[PDB]
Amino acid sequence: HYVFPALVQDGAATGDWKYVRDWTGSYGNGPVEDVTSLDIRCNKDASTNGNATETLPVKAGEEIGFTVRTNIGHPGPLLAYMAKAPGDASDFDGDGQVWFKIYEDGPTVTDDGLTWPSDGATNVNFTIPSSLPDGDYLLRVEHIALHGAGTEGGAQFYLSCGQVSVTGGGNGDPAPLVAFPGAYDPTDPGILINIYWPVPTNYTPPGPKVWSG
């Protein structure tokens, strides 16, 4: 139970939900539980637009992060996605095959079982690929909590969508492109997984491969 309320730029948080789409029930720190739901895109009611969210100017190559409200208190992978808006980020619903992955981490095998780079984290950061073209993007941050993921319907998704306007961009062609919902299936080997009883040797975060450019 955590949220990603604000973007981090130049080693300072911006305002809670200023450059990030606030979502229905964000107060309760509730997980998305259905990867077929519109919720999996930007969380509940957040996709339809950002008519009251701002867009942060950023550079291709810049490290943009998110604050974490309390901390990442569940085990699992961190993932980030972006999507080019056809105009202003605040008018973009993020529909269609427009999402590409820019980041994902995976676990370490210990004596005690899997540890994760996200465990206890109070902030998270990513790097806008240096070749990403000029444009308005959604920046979708996701932690997939896997502590109850042994049964179908048991993986938890903790998400937010930030709005950024990218300059200093190159001639990258982000791909492959996927949809939320649609990228994830509840039987996916990174979503339906017993992280404990046989200790995973080769855990595979779901969705498409990372676009590096």
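The numbering used is simple: start at 1 and walk along the sequence shown.
Colleague: Mean Cα B factor from the PDB record: higher for 58-66, or higher for 142-150?
Modeller: The entry gives the higher C-alpha B-factor average to 58-66.
Colleague: Output the stretch having the higher mean C-alpha B factor in the entry; the candidates are 194-202 and 21-29.
Modeller: Between 194-202 and 21-29, it is 194-202.
Colleague: Using only the C-alpha B-factors in the record, can you name which of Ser165, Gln156, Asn43, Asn171 has the highest?
Modeller: Spelled out: the listed residue with the top C-alpha B-factor is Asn171.
Colleague: Highest recorded C-alpha temperature factor, please, choosing from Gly73, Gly87, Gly94, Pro77.
Modeller: When the deposited C-alpha B-factors of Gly73, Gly87, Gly94, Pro77 are compared, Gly87 is largest.
Colleague: Taking the values exactly as deposited, rank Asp188 by C-alpha B-factor within its chain and report the matching third: lowest, middle or highest.
Modeller: Tercile = highest for this residue's CA B-factor.
Colleague: Where does the C-alpha B-factor of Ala179 rank in its chain, lowest, middle or highest third?
Modeller: Bottom third by C-alpha B-factor.
Colleague: Going by the entry, which third of its chain does the Cα temperature factor of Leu132 land in?
Modeller: For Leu132, whose C-alpha B-factor we compare with every modelled residue in the chain, the answer is the middle third.
Colleague: Classify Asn49 as lowest, middle or highest third according to the C-alpha B-factor given in the PDB entry, relative to its own chain.
Modeller: Tercile = highest for this residue's CA B-factor.
Colleague: So where's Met82 on the chain's Cα temperature factor ranking, which third?
Modeller: Within its chain, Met82 is a lowest-third residue by C-alpha B-factor, going by the deposited values.
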